[PDB]
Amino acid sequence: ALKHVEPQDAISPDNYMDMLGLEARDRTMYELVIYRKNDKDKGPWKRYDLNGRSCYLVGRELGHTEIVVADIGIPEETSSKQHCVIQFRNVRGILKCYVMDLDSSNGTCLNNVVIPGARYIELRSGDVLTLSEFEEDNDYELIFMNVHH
């Protein structure tokens, strides 16, 4: 249960792009694309818009009564209520996105490699987040994406 607080440079992609006077078509959009690991054939299970906020809490949301804490809930039993955060920051004029594991019970993986807790790891388009240290526990893949055109 790590205590997350937004850094001084936090900013939503929306606000960053507004300041640049860019119309919707001329922007970089961000989304979290969720796939069911058992069958990526049917396509994305869900798509999350990551533009309106500077920060998103990812965590367990079964639907199987539970208290929903996360903004982006995943039906992952091995994932924590408050598992990890996706944080946007205006780093000296460059919009950058980061993930931070909140000292979750099982851990977070970025492209199938466990990350340390309590530290921001930069995200790049195409990066795959999983909500456990080990594959066998993961049913979902959370793919961070830039979207253009």
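All residue numbers are counted from 1 along the displayed sequence.
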(request) Going by the record, give me the number of deposited-sequence residues missing between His64 and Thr65 as none, 1 to 3, 4 to 9, or 10 or more. (result) 4 to 9
(request) Could you check which stretch, 93-101 or 37-45, carries the larger mean CA temperature factor in the entry? (result) 37-45
(request) Compare the C-alpha B factor of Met145 with those of the other modelled residues in its chain, then answer lowest, middle or highest third. (result) middle
(request) Would you mind checking where the Cα B-factor of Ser125 ranks among the modelled residues of its chain, as the lowest, middle or highest third? (result) lowest
